[PDB]
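Have a look at the structure below, then the notes.
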Amino acid sequence: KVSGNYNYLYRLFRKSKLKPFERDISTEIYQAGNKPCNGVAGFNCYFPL
Amino acid sequence: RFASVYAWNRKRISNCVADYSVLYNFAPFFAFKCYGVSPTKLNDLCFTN
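Respectively, the protein sequence lines represent chains C and F. Under the authors' numbering, think of the first position of the first sequence as 444, with each following residue one higher. Under the authors' numbering, think of the first position of the second sequence as 346, with each following residue one higher.
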């Protein structure tokens, strides 16, 4: 549709790359820096989905 | 004295080795939005220009 279903999303960032046939169900915030974010998801902290 | 959006200046960079891991301390760095190139995979990539 004009916006598309947001159910289907993909991950962007993780510390370690994938291994063959492993699922990665996890709702967190990737820490792109040395700032201990508590889930704000602002600067140096991004939502992977 | 940075330039305007309509009239910008290109700062060519060709004779040095560019690491971004320590330039974050020259400004508050409000935004770090960028593309599929990994933020941590910026100091190692050998860009042609």
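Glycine included, every Cβ here is placed at the ideal spot set by N, Cα and C.
- Comparing C-alpha distances from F392/F to each of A363/F, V350/F and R346/F shows the shortest one belongs to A363/F.
- In the structure shown, the three-state DSSP call for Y451/C is coil.
- The region 463 to 481 of chain C makes no contact with the region 351 to 359 of chain F; the number of CB pairs closer than 8 Å stays below 3.
- Here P491/C is near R457/C, since their CB atoms are less than 8 Å apart.
- Taking C-beta atoms as the reference points, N388/F and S366/F count as a pair closer than 8 Å.
- Between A475/C and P384/F a beta carbon distance of about 5 Å is seen, short of the 8 Å cut, so the two are scored as contacting.
- Bridge pairing for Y369/F: absent [DSSP].
- Here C488/C is bridged, per DSSP, to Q474/C.
- Per the coordinates, the alpha-carbon of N487/C lies some 8 Å from the alpha-carbon of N477/C.
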